[PDB]
Amino acid sequence: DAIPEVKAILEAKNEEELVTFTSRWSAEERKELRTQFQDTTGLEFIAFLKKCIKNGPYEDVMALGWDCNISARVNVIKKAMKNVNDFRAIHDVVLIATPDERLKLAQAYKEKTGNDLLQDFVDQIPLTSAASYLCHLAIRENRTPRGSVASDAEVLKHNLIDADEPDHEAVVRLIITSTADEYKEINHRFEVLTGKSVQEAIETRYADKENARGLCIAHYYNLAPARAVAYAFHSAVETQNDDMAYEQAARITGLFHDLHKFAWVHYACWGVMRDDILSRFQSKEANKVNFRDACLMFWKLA
Ligand SMILES: [Ca+2]
C-alpha cells in the first residue's frame, strides 16, 4: 500500500512529511495501517517511530495519536510514575475518561505490566494531597446521585473558601462521584453562594499547580468532557516553561484529538484554540520546531 512510504519518512526523520502523511488517515484507518505495517516489515510501528524521530514533544504527539487510545493511556501512566509521579499526566489519563474507558485501562494495564492498576496506585501514590486522592477515587468510585444539591454546594464553599485546610478526600469525592446532572446544579448553587466560579475558588485555594489543575479538570469533566480537555489544553498553553507546556500540549493532543475533537468549542472560554496554538508554540529548539503543525493537524485546525 502506502506502507512503504511512511516507513521511508520515518527513517529519513523527515518530521515535516510525517505530519501531512498522518493527516490523511482516520482513526480506524490508522490502527489497520499500524498492524499492516508490522506484517509487511516485522517492525512494531510505534516503537519504530519512537526510535526514528528526534525525541520530545513532537515524537510524543505522534507516538500518541498514532496509537490505540487505551494503549496510550497505558504508556502515559507507565511513564508518569517512573521517578516522581507526573500528576498532570496521570490526571489527564484517568479524569478525562468514561467508566468504560477506565475499565478498558485497568485491563490493558494488567496485561501490559502484569499488575493491577489500582494496586500500583496504592504502592507508588501515597494519599497525601487532593492530587493523590484524585488519582485513586477516579478508579474506585462511580458517579451516583446524592440528592443534596444545596447541601453539597456548601461542602465546597467551606472547604474551598472558609475552612483553613480543605478536606481533600472530602472535596475530591464530591466531584468525582457526582452525577453530571446533579453537578450542573451543585455548581450553579456554588456560584450563587460564593459569587465566584468553582474554577477560581479552586485555583485561588490550591497553591500547588498540579493540585489546582487536577481538581479543575475533574470539575470541568462533570460539565462536559471536552471542557475538561479545553481547560487542560489552556493550562498547557499558559505554562511559561516550554518543555512543560509542549509536553502537556503534546499529551492532551495525543490523547484527545479524536475523543473530544470539539474541545476548541469550549476553549473559547479562554480564547481561540487555533490562534493560541499558532501563537504559543513558536520554539526553535529542534525537537519542538514541528510540534506546532503536528498539533494543528491532529485537531483539524490547520
Ligand atoms: Ca526517537
# chains A, B, ... in the order shown; residues from 1 in each chain; ligands from 1

call {"tool": "residues_around", "arguments": {"residues": "residue 11 (chain A)", "least_positions_apart": "6", "cutoff": "12 Å", "atoms": "only C-alpha atoms", "output": "VMD selection string"}}
result
chain A and resid 4 to 5 17 to 18 45 48 to 54

call {"tool": "write_last_selection", "arguments": {"atoms": "N, CA, C and O atoms", "output": "CSV table (one decimal), in the first residue's frame"}}
result
chain,number,residue,atom,x,y,z
A,4,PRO,N,5.1,1.4,2.6
A,4,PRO,CA,6.5,1.7,2.3
A,4,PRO,C,6.8,3.2,2.4
A,4,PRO,O,7.9,3.5,2.8
A,5,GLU,N,5.9,4.0,2.0
A,5,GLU,CA,6.1,5.4,2.0
A,5,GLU,C,6.4,6.0,3.4
A,5,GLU,O,7.5,6.5,3.6
A,17,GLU,N,7.1,15.6,6.6
A,17,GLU,CA,6.3,14.7,5.8
A,17,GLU,C,5.3,14.0,6.7
A,17,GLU,O,4.1,13.9,6.5
A,18,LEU,N,5.9,13.4,7.8
A,18,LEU,CA,5.1,12.6,8.7
A,18,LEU,C,3.8,13.4,9.1
A,18,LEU,O,2.7,12.7,9.2
A,45,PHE,N,5.2,-0.6,14.5
A,45,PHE,CA,5.1,0.8,14.1
A,45,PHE,C,5.4,1.9,15.2
A,45,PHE,O,6.2,2.8,14.9
A,48,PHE,N,9.0,1.8,16.4
A,48,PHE,CA,9.9,2.2,15.3
A,48,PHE,C,9.9,3.7,15.1
A,48,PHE,O,10.9,4.2,14.7
A,49,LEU,N,8.8,4.3,15.4
A,49,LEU,CA,8.8,5.8,15.3
A,49,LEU,C,9.5,6.4,16.5
A,49,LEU,O,10.4,7.3,16.4
A,50,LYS,N,9.2,5.9,17.7
A,50,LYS,CA,9.9,6.4,18.9
A,50,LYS,C,11.4,6.1,18.9
A,50,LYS,O,12.1,6.3,19.8
A,51,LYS,N,11.8,5.6,17.7
A,51,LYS,CA,13.2,5.3,17.7
A,51,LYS,C,13.8,5.9,16.4
A,51,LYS,O,15.0,5.9,16.2
A,52,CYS,N,12.9,6.5,15.6
A,52,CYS,CA,13.3,7.1,14.3
A,52,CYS,C,13.4,8.6,14.4
A,52,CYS,O,14.3,9.2,13.8
A,53,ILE,N,12.4,9.2,15.0
A,53,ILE,CA,12.4,10.7,15.1
A,53,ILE,C,12.9,11.2,16.4
A,53,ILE,O,12.7,10.7,17.5
A,54,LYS,N,13.6,12.4,16.3
A,54,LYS,CA,14.2,13.1,17.4
A,54,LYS,C,13.9,12.5,18.8
A,54,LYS,O,14.5,11.6,19.2

call {"tool": "residues_around", "arguments": {"residues": "region 91-103 of chain A", "least_positions_apart": "4", "cutoff": "10 Å", "atoms": "only C-alpha atoms", "output": "number ranges by chain"}}
result
A: 69-70, 72-74, 76-77, 80, 86-87, 107-109, 117, 131-132, 134-139, 141-143, 176, 210-211, 213-215, 217-222, 224-229, 232, 248, 251-252, 255-256, 259-260

call {"tool": "atom_distance", "arguments": {"atom1": "CA of residue 61 (chain A)", "atom2": "CA of residue 79 (chain A)"}}
result
14.5 Å

call {"tool": "residues_around", "arguments": {"residues": "region 271-284 of chain A", "least_positions_apart": "3", "cutoff": "12 Å", "atoms": "only C-alpha atoms", "output": "VMD selection string"}}
result
chain A and resid 57 to 58 229 to 250 253 261 to 268 287 to 302

call {"tool": "residues_around", "arguments": {"residues": "residue 153 (chain A)", "least_positions_apart": "3", "cutoff": "12 Å", "atoms": "only C-alpha atoms", "output": "PyMOL selection string"}}
result
chain A and resi 146-150+156-161+171+174-175+178+182-194+197-198

call {"tool": "atom_distance", "arguments": {"atom1": "CA of residue 3 (chain A)", "atom2": "CA of residue 33 (chain A)"}}
result
7.3 Å

call {"tool": "select_by_dssp", "arguments": {"residues": "region 64-268 of chain A", "states": "helix (DSSP H, G or I)", "output": "ChimeraX atom specification"}}
result
/A:64-65,69-80,87-95,99-110,117-124,130-137,149-159,168-176,180-194,198-205,209-221,225-237,242-256,263-268

call {"tool": "write_last_selection", "arguments": {"atoms": "C-alpha atoms", "output": "short mmCIF file (atom, residue, chain, number, x, y, z; two decimals), in the first residue's frame"}}
result
data_model
loop_
_atom_site.label_atom_id
_atom_site.label_comp_id
_atom_site.auth_asym_id
_atom_site.auth_seq_id
_atom_site.Cartn_x
_atom_site.Cartn_y
_atom_site.Cartn_z
CA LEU A 64 0.37 9.07 20.88
CA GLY A 65 -2.22 9.92 18.30
CA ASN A 69 -6.20 5.25 22.65
CA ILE A 70 -6.25 2.97 25.71
CA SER A 71 -2.84 1.58 24.73
CA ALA A 72 -1.53 5.17 25.02
CA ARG A 73 -3.26 5.98 28.29
CA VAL A 74 -1.24 2.92 29.40
CA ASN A 75 2.11 4.18 28.23
CA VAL A 76 1.31 7.61 29.70
CA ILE A 77 0.59 6.12 33.09
CA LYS A 78 3.61 3.86 32.77
CA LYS A 79 5.91 6.84 32.20
CA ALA A 80 4.09 9.13 34.62
CA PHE A 87 0.24 14.07 38.49
CA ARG A 88 -0.61 16.21 35.46
CA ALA A 89 -0.20 13.24 33.10
CA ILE A 90 -1.89 10.68 35.36
CA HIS A 91 -4.74 13.11 35.99
CA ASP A 92 -5.23 13.62 32.26
CA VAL A 93 -5.49 9.89 31.65
CA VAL A 94 -7.88 8.93 34.43
CA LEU A 95 -10.00 12.06 34.96
CA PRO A 99 -16.33 4.35 33.34
CA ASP A 100 -15.78 2.08 30.40
CA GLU A 101 -12.53 3.86 29.47
CA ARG A 102 -11.03 3.47 32.94
CA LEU A 103 -12.20 -0.12 32.78
CA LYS A 104 -10.52 -0.93 29.49
CA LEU A 105 -7.45 0.71 31.02
CA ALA A 106 -7.37 -1.31 34.22
CA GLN A 107 -7.50 -4.25 31.82
CA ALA A 108 -4.90 -3.08 29.27
CA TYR A 109 -2.56 -2.24 32.17
CA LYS A 110 -2.96 -5.58 33.91
CA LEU A 117 -3.72 -0.63 38.12
CA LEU A 118 -5.47 0.16 41.39
CA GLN A 119 -2.69 -1.60 43.29
CA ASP A 120 0.19 0.28 41.70
CA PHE A 121 -1.56 3.49 42.78
CA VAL A 122 -1.62 2.30 46.38
CA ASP A 123 2.10 1.43 46.20
CA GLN A 124 3.50 4.33 44.18
CA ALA A 130 -6.10 16.36 46.68
CA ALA A 131 -3.81 15.40 43.82
CA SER A 132 -3.33 11.85 45.10
CA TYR A 133 -6.94 11.31 46.17
CA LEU A 134 -7.93 12.31 42.68
CA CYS A 135 -5.80 9.53 41.22
CA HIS A 136 -7.35 6.96 43.50
CA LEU A 137 -11.05 7.83 43.76
CA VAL A 149 -27.52 19.73 45.85
CA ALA A 150 -27.74 22.75 48.18
CA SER A 151 -26.06 20.62 50.84
CA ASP A 152 -23.05 19.78 48.64
CA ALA A 153 -22.72 23.31 47.30
CA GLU A 154 -21.98 24.24 50.90
CA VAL A 155 -19.46 21.46 51.18
CA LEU A 156 -17.37 23.25 48.54
CA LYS A 157 -17.96 26.82 49.72
CA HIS A 158 -16.37 25.99 53.02
CA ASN A 159 -13.72 23.53 52.09
CA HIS A 168 -9.09 16.91 50.28
CA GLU A 169 -10.59 13.40 50.26
CA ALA A 170 -13.89 15.12 51.05
CA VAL A 171 -13.72 17.53 48.09
CA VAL A 172 -12.27 15.05 45.55
CA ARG A 173 -15.07 12.56 46.29
CA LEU A 174 -17.75 15.23 45.97
CA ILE A 175 -16.64 15.97 42.41
CA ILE A 176 -15.52 12.52 41.23
CA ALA A 180 -23.34 15.11 35.77
CA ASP A 181 -26.89 16.43 36.23
CA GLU A 182 -26.71 16.92 39.95
CA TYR A 183 -23.35 18.60 39.39
CA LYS A 184 -24.81 21.15 36.96
CA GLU A 185 -26.97 22.11 39.91
CA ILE A 186 -24.33 21.87 42.64
CA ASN A 187 -22.06 24.10 40.57
CA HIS A 188 -24.75 26.66 39.82
CA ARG A 189 -25.61 26.77 43.51
CA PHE A 190 -21.98 27.39 44.48
CA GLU A 191 -21.64 30.37 42.15
CA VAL A 192 -24.66 31.91 43.88
CA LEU A 193 -23.36 31.40 47.44
CA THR A 194 -19.72 32.41 46.85
CA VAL A 198 -15.58 26.91 41.33
CA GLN A 199 -12.59 27.08 38.98
CA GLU A 200 -11.45 30.37 40.52
CA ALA A 201 -12.19 29.17 44.03
CA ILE A 202 -10.02 26.10 43.30
CA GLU A 203 -7.10 27.93 41.69
CA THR A 204 -7.27 30.55 44.45
CA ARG A 205 -7.31 27.94 47.20
CA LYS A 209 -0.35 23.85 40.42
CA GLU A 210 -0.80 20.12 39.90
CA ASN A 211 -3.48 20.10 42.58
CA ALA A 212 -5.37 23.13 41.34
CA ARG A 213 -5.27 21.70 37.82
CA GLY A 214 -6.28 18.17 38.74
CA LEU A 215 -9.29 19.49 40.71
CA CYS A 216 -10.22 21.87 37.94
CA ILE A 217 -10.06 19.04 35.42
CA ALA A 218 -12.40 16.78 37.38
CA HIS A 219 -14.74 19.72 37.87
CA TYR A 220 -14.90 20.59 34.20
CA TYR A 221 -15.43 16.96 33.24
CA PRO A 225 -15.64 16.05 28.86
CA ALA A 226 -14.42 18.43 26.12
CA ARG A 227 -14.43 21.29 28.63
CA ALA A 228 -12.13 19.33 30.89
CA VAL A 229 -9.99 18.79 27.79
CA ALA A 230 -10.09 22.52 26.98
CA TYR A 231 -9.15 23.69 30.42
CA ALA A 232 -6.25 21.23 30.27
CA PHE A 233 -5.01 22.46 26.93
CA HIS A 234 -5.34 26.05 28.14
CA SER A 235 -3.38 25.26 31.32
CA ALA A 236 -0.75 23.85 28.97
CA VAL A 237 -0.72 26.89 26.74
CA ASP A 242 8.40 25.48 27.18
CA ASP A 243 9.41 21.89 27.91
CA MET A 244 6.41 21.56 30.17
CA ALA A 245 3.86 23.35 28.03
CA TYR A 246 4.91 21.42 24.91
CA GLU A 247 4.89 18.20 26.95
CA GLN A 248 1.43 18.89 28.29
CA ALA A 249 0.20 20.11 24.92
CA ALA A 250 1.53 17.06 23.12
CA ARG A 251 -0.09 14.58 25.54
CA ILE A 252 -3.51 16.26 25.58
CA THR A 253 -3.49 16.50 21.78
CA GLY A 254 -2.29 12.93 21.51
CA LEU A 255 -4.89 11.53 23.86
CA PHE A 256 -7.89 13.63 22.95
CA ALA A 263 -12.65 20.83 22.71
CA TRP A 264 -11.83 24.00 20.76
CA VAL A 265 -15.50 24.95 21.04
CA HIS A 266 -15.08 25.11 24.81
CA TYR A 267 -11.61 26.73 24.66
CA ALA A 268 -13.41 29.93 23.67
#

call {"tool": "decode", "arguments": {"residues": "region 51-63 of chain A", "atoms": "N, CA, C and O atoms", "output": "CSV table (one decimal), in the first residue's frame"}}
result
chain,number,residue,atom,x,y,z
A,51,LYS,N,11.8,5.6,17.7
A,51,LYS,CA,13.2,5.3,17.7
A,51,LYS,C,13.8,5.9,16.4
A,51,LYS,O,15.0,5.9,16.2
A,52,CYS,N,12.9,6.5,15.6
A,52,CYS,CA,13.3,7.1,14.3
A,52,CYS,C,13.4,8.6,14.4
A,52,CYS,O,14.3,9.2,13.8
A,53,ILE,N,12.4,9.2,15.0
A,53,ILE,CA,12.4,10.7,15.1
A,53,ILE,C,12.9,11.2,16.4
A,53,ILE,O,12.7,10.7,17.5
A,54,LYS,N,13.6,12.4,16.3
A,54,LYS,CA,14.2,13.1,17.4
A,54,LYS,C,13.9,12.5,18.8
A,54,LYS,O,14.5,11.6,19.2
A,55,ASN,N,12.9,13.2,19.5
A,55,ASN,CA,12.6,12.8,20.8
A,55,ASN,C,12.1,14.1,21.4
A,55,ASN,O,12.8,15.1,21.3
A,56,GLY,N,11.0,14.0,22.1
A,56,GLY,CA,10.5,15.3,22.7
A,56,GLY,C,9.0,15.5,22.4
A,56,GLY,O,8.4,14.5,21.9
A,57,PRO,N,8.4,16.6,22.7
A,57,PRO,CA,7.0,16.8,22.4
A,57,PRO,C,6.5,16.4,21.0
A,57,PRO,O,5.4,15.8,20.9
A,58,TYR,N,7.3,16.6,19.9
A,58,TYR,CA,6.9,16.1,18.6
A,58,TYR,C,6.7,14.6,18.6
A,58,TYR,O,5.6,14.1,18.5
A,59,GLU,N,7.8,13.9,18.8
A,59,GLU,CA,7.7,12.5,18.9
A,59,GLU,C,6.6,12.1,19.8
A,59,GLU,O,5.8,11.2,19.5
A,60,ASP,N,6.4,12.7,20.9
A,60,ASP,CA,5.3,12.5,21.8
A,60,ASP,C,3.9,12.5,21.1
A,60,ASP,O,3.2,11.5,21.2
A,61,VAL,N,3.6,13.6,20.6
A,61,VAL,CA,2.3,13.8,19.9
A,61,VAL,C,2.1,12.7,18.9
A,61,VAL,O,1.0,12.1,18.8
A,62,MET,N,3.1,12.4,18.1
A,62,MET,CA,3.0,11.4,17.0
A,62,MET,C,2.8,10.0,17.6
A,62,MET,O,2.0,9.2,17.2
A,63,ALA,N,3.7,9.6,18.6
A,63,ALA,CA,3.6,8.3,19.1
A,63,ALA,C,2.4,8.1,20.0
A,63,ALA,O,2.1,7.1,20.6
